[PDB]
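Summary of the model geometry
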Amino acid sequence: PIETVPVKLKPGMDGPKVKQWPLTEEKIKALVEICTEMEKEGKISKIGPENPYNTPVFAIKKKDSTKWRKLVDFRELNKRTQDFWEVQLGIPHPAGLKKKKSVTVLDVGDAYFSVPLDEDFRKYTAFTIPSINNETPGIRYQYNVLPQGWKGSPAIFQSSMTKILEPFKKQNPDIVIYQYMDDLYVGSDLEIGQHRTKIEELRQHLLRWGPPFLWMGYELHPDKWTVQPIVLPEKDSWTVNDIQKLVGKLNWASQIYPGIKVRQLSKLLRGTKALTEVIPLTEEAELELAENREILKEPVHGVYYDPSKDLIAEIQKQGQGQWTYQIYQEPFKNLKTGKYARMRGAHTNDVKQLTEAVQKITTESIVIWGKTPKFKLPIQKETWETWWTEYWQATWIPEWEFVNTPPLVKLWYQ
Amino acid sequence: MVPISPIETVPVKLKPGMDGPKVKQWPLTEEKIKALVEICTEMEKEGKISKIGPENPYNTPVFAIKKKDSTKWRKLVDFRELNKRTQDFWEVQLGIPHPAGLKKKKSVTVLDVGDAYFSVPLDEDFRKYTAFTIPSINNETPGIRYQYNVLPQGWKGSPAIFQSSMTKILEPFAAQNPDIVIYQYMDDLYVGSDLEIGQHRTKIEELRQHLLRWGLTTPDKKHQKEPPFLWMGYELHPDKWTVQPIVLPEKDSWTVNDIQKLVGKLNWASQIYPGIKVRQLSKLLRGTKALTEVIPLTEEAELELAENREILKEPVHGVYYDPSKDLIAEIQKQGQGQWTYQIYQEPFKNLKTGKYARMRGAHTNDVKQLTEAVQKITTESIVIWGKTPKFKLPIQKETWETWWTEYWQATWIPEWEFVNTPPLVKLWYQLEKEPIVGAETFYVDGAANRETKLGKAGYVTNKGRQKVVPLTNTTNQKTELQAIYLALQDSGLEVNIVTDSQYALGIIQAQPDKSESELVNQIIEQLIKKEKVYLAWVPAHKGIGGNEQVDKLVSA
Ligand SMILES: COc1cc2nc(NC3CCN(Cc4ccc(C(N)=O)cc4)CC3)nc(Oc3c(C)cc(C#N)cc3C)c2cc1OC
Ligand SMILES: [Mg+2]
């Protein structure tokens, strides 16, 4: 790789000027050691005060590895970078990836360090290694090559990546390969016995055609990914409270499904009765409950993925390590709903569980639609922004906002 | 002649599209002109400036001023216009180190680098923008034109380029002398080490040699001021640190500016003075812009000020950081949403102190505020020490366990232990998860006429108990809360409450223990008095009896 690709920013937009957030000593030390080698290898170079831009940086330990990984929060630079039509518009997202039996994710971000970056754009990738207590000036770098986490890196490298994948793609025409940022999603239907080796056939190819974290693979099984429709209870005796919660759940479901009726169930709540009193169901209410139960069996009408609109993900904390989530573009039109439980590594840490839920949901969103959703997090901004980097293990970073008013919808996905 | 390495030039540009300044030179008196000619003639031989031709179209006005006792004339190049058109720079001097994060140094030497400042060259492609003119005597000859060759005083990029140039020069010396520390601030260089005093200057002499490698004259700081160091408003003693002398002025007619500087001193003093409160004094500023308006002090603001004076009656000092010892932070609740904390390693020896005030909001509770205080101290500690301290909190482990396991939001506080220091943070009520057997069931509802602001609120229960109260000057949301309040007032220790108010649900499910709304505070007071409360929600106008019956009674 000798000649560069001309890259410009969006019209009327300057480079990012994002403040570096504080880092612990071990992360600073790890970044210093990492960037020292990257500077020796020519990937980054020191900059002077004439560069006013900055992008935050921190260090992570990806899943099941003990060595630090440099992670740059290019979120501001990505939205200011031009929309990329490298050699063509965009590769149509593989709708078959979500249906394969097993999908392995490989960190191929090191391959970007072999392609140089446009010398006029390098100043926009400036970042700062902070010092403890501001005792020394922060170590300032900029990128000379395609950096990991930047929107333009997979686009510029797409021309190259296609050639390394074609000797394997034409050999295995049944395996779907999708690329998103620094990740390579390789999906196959063959059983897991030699899927590991078939993934290894991807590996030493990159080693032959060219890494610290390539030796690992994130194994997924999207065909076994659970979706949750809305469920109504099945009881032999209903209290006043049970019927009241059912009517509330059905009333909220009526905003999503047509024909949901609560007339015959509301007539049972006739009078001023105690909440714990058992109410026998009439046959007109049992029929009404049965018709509502079958309406909720069919999927929602007029639900499509609009690639022009953002994806939104809401998360509710359900307690006991259980978390529910819904993905949509317009309200009451869910594209996917799910539920998690038993977050390994955090039985008494809500933030760590939420951080892993965010990463799992984003992973599912990349597989299904090829982009990340905007999260609505049930957490105060000050708590989330203080701790989320401590449990982050992915190479990408989605956008998020915070919910401060307790939603009533938590009860109806419980 | 010994060769000296050239200081690397920082390339400087103007803002995109903008051109250099073209400001007319003011008329000057004959004595001011004569004085400026002598000043610029000396600086020209020093190499700071150089004469230019008439082709340079840029200009910056020059001025001549004099001081009190020094009967001298001094220059002034008004670079205000050029600074507006100069590019932005990376200001490496944003944050200032906090003394609590510094480590004890036996020896400390201060060197003056003001003469080394003029050795930093200015970008040659940028010097044309720094042109200035000295008007001639009687305007009968062409004015003397000059341009800068070094970083000009007052130019936008001079502090950033000078500091970055020094850092680049000092970088190999510090890396190869790890037993010393070098701090740069303005025209001073502070070098500290734990070597004995004889060897300490050997490093200093080697530093003067390393700086002479670029031809930098660096002698000891003239008139070596004795400890403490008056640096950034602190007093850095050899063994401890503190704030420069705080003096709260004695006054009887406090104005907007007086209390603005008063909270400024108290905020700046709260780093080491424990227990500083500024809530009642700051809330008097809320909505005033004229700094000359006088406001009478509330009796709870004079008491808060008088409490601050007794805290400030004796100077308080802090210790320096020891990486071998643990880092501990302790918090205390002070009331009215005020929190104070101390950070230390050994007891009674604070590294620093601080405070936290609650955010603005209609409803809140102590557990959220304590959590926010923990996050502020955590982020502050990462800045100063690069690590999270161990917390000692006035909340029992069982109280926190009940809080976070049942709260609808995700929350977390790092490693902490309970410290029995009243007032303790507690949960004042806990709503039931399931309906209570044997408890009376209250169906509440309220309504208000948007036109006349008249409303009704009340309940009806499974035992036949009913109440409807006519209300004046109310809203639908207020009547919905009043109905819940009535059910709590008229029920036993255990009660089931059924409402259709999503607004009331959102408030109560947030679990506040204090509110700005008096009605919400009354409900909270009733919730504290109860043994079991189960709050259930139902959709309105859905044929739900009890709810529909009381909906008719309140609809007028
Ligand atoms: C690990 O990196 C660093 C550690 C530092 N530690 C320190 N620590 C000590 C803490 C104690 N204090 C009072 C005292 C101590 C004894 C004596 C004496 N000669 O008897 C005089 C004054 C002197 C300074 N000071 C650093 O930079 C300074 C800063 C930030 C400000 C000033 C001022 N004005 C002076 C210095 C030297 C450090 C810089 C570091 O990196 C760049
Ligand atoms: Mg009503």
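Structure: above.
Described in the following lines is the structure provided in the data block. (Residues numbered from 1 in each chain as written, not as in the entry; some residues may be left out. Chains lettered and ligands numbered in written order. Heavy atoms only, no water. Residues with missing side-chain atoms left out of burial classes, pairs and counts.)

**So, the overall build of chain B**
Short version of the rule: Strands are runs of DSSP state E lasting at least two residues, helices are runs of H or I lasting at least four, and both sets are numbered from the N terminus onward. Radius of gyration: over C-alpha atoms. The globule rule applied is 2.2 Å multiplied by the number of residues raised to the 0.38 power. In what follows, a contact means two residues having at least one pair of non-hydrogen atoms within 4.5 Å.
A count of helices and strands for chain B gives 14 helices and 23 strands. Expected size for 556 residues packed as a compact globule is a radius of gyration near 24 Å; at 34 Å, chain B overshoots this value by more than 25%. Expressed along its principal axes, the backbone C-alpha trace of chain B runs to roughly 105 × 60 × 45 Å. Pairs at least 24 apart in sequence give 70% of the contacts found in chain B among residues at least 6 apart.

**Re the packing of aromatic side chains**
This is how the line gets drawn: Pairing of aromatic rings covers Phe, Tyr and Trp, the last counted by its six-membered ring, and requires centre-to-centre distances within 6.5 Å; plane angles under 30 degrees mean stacked, over 60 mean edge-to-face, and any other angle means tilted. Under the scheme applied here, a residue whose accessible area is under 20% of the maximum for its type counts as buried, over 50% as exposed, and between as partly exposed, the area being computed with a 1.4 Å probe on protein chains only. A ring has a charge above it when a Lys NZ or an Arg CZ is no more than 6 Å from the ring centre and no more than 35 degrees off the ring normal.
Applying the stated criterion across every chain, the model contains 43 aromatic pairs over all chains. Relative to A:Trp388, the ring of A:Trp21 lies with its centre 6.4 Å away and its plane at 65°, an arrangement referred to as edge-to-face. Relative to B:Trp385, the ring of B:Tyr321 lies with its centre 6.3 Å away and its plane at 55°, an arrangement referred to as tilted. Of this pair, B:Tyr321 sits in the loop between α8 (299-311) and β12 (328-335) while B:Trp385 sits in helix α9 (residues 366-385); the two residues are 64 residues apart in sequence, bridging distant segments of the chain. B:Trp385 carries the same exposure label as B:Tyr321, and that label is buried. One aromatic cluster in this structure is built from A:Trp21, A:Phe58, A:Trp384, A:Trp388, A:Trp392, A:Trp396 and A:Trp400. In this structure, A:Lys61 packs its charged tip against the face of A:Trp68, placed 3.6 Å from the ring centre.

**Let's talk about the interface of chain B and chain A**
As a reminder, the rule being used: The rule for a salt bridge is simple: a side-chain nitrogen of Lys or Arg has to be within 4 Å of a carboxyl oxygen of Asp or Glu. Throughout this description, a polar contact denotes any pair of N or O atoms lying within 3.5 Å of each other; where both atoms belong to protein, one of them has to be capable of donating a hydrogen while the other can accept it, and for residues adjacent in sequence the pair is counted only when both atoms sit in side chains.
Tallying the contact residues gives 64 residues for chain B and 60 residues for chain A. Remark: the boundary between chain B and chain A carries 2 salt bridges. A salt bridge links A:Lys46 to B:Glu171; the nearest nitrogen and oxygen atoms lie 3.9 Å apart. Counting across the chain B and chain A interface gives 19 residue pairs in polar contact. Contributing elements (two or more residues each) for the side of chain B that touches chain A: α4 (158-175), β7 (180-185), α9, β18 (440-448), β19 (455-461), β21 (494-499), α12 (502-509) and β23 (532-537) of chain B. The biggest single contributor to the side of chain B that touches chain A is α9(B), with 8 residues.

**Overview of the sheet that holds strand β13 (residues 322-328) of chain A**
Residues and elements named next belong to chain A. Note the cut-off: Strands qualify as paired when DSSP identifies two bridges or more between them. Throughout, an axis means a line fitted to C-alpha atoms (over the contacting stretch in the case of helices), and angles, computed between N-to-C directions, take values from 0 to 180 degrees.
Read from one edge of the open sheet, 5 strands run β14-β13-β12-β15-β16, paired in mixed fashion. Strand pairing shows two members of the sheet lacking a second neighbour, β14 (334-340) and β16 (400-402), which therefore form its edges. Shown here is a sheet whose adjacent strand axes are inclined to one another by a mean of 20°, direction ignored. Sheet topology places strand β12 (residues 312-319) next to β13; 7 bridges connect them, and they run antiparallel. The residue bridging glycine 319 from the neighbouring strand is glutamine 322, located in β13. Sheet contacts for helix α9 (residues 381-391): β15 (374-377) and β16; angle to β16, the most-contacted strand, approximately 140°.

**Topic: the site of ligand 1**
How we decide: Here a residue is near a molecule or strand as soon as one of its heavy atoms is found within 4 Å of it. What sets the accessible areas is the Shrake-Rupley method with a 1.4 Å probe; for residues, cover comes only from the shown protein chains.
Residues in contact with ligand 1 amount to 18 residues; listed here are only the nearest, A:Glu135, B:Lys103, B:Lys105, B:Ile182 and B:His237. The environment of ligand 1 is shared, with nearby residues belonging to chains A and B. Between ligand 1 and B:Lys106 there is a distance of 3.4 Å, counted from a nitrogen atom to a backbone nitrogen or oxygen. Within the contact set of ligand 1, a nitrogen atom lies 3.4 Å away from a backbone nitrogen or oxygen of B:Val108. Burial of ligand 1 by the protein amounts to 86% of the accessible area it has alone, namely 830 Å².

**Regarding helix α8 (residues 350-369) of chain A**
Residues and elements named next belong to chain A. Just so we agree on the cut-off: Expected span of a helix: the number of residues minus one, times 1.5 Å.
Between its first and last C-alpha, α8 extends 28 Å over 20 residues, near the 28 Å set by a 1.5 Å rise per residue. Buried residues dominate α8, accounting for 18 of its 20 residues. Between a side-chain oxygen at the N-terminus of α8 and the backbone nitrogen of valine 351 the separation is 3.2 Å; the capping residue is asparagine 349. The first or second residue beyond α8 is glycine 370, which carries a positive phi of 85°.

**As for the packing of helix α3 (residues 152-169) of chain A against helix α4 (residues 192-208) of chain A**
Residue and element names in this part refer to chain A. Our working rule: Each angle gets one of four labels, with under 35 degrees taken as roughly parallel, over 145 as roughly antiparallel, 65 to 115 as roughly perpendicular, and the rest as oblique. With the far helix as reference, a near helix turned anticlockwise by less than a right angle produces a left-handed crossing, and one turned clockwise produces a right-handed crossing. Each residue is assigned to one of three groups, with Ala, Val, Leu, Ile, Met, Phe, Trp, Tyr, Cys and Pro labelled nonpolar, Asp, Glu, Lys and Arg labelled charged, and all others, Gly among them, labelled polar.
Close contact between α3 and α4 brings their axes to 11 Å; oriented N to C, the two are set at 140°. In terms of orientation, α3 and α4 fall into the oblique class. The hand of the α3/α4 crossing is right-handed. Of the residues in α4, those touching α3 at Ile164, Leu165, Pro167 and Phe168 are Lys198, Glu201, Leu202 and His205. Here the contact of α3 with α4 is composed, by residue class, of 5 nonpolar, 1 polar and 2 charged.

**Considering the coordination of the magnesium ion (ligand 2)**
Residues and elements named next belong to chain B. Our working definition: For Na, K and Ca the donor cutoff is 3.2 Å, while for all other metals N, O and S atoms must lie within 2.8 Å; water is not among the atoms, so some sites may look incomplete.
The protein atoms donating to the magnesium ion (ligand 2) are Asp445 (OD) and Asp551 (OD), with metal-donor distances spanning 2.4 to 2.7 Å. With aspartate 445 in strand β18 and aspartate 551 in helix α14 (residues 547-554), this residue pair connects regions lying 106 residues apart in the sequence. Taking relative accessible area as the criterion, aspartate 445 reaches 3% and is therefore assigned buried. Overall, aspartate 551 belongs to the buried group, its relative accessible area being 17%.

**Concerning unusual backbone geometry**
The linkage connecting B:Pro227 with the following residue, B:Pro228, adopts the cis geometry, with an omega of 5°. With an omega of 0°, the peptide bond between B:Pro422 and B:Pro423 qualifies as cis. Along the chain, B:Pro423 turns up in the loop between β17 (416-418) and β18. A positive phi angle is found at A:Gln320, which is not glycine, with a value near 55°. In this fold, A:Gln320 is placed in the loop between β12 and β13. With a relative accessible area of 81%, A:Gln320 lands in the exposed category. Phi at B:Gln336 takes a positive value of approximately 55°, unusual for a residue other than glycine. Locating B:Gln336 in the fold gives a position in the loop between β12 and β13 (338-346).

Geometry only, nothing functional implied.
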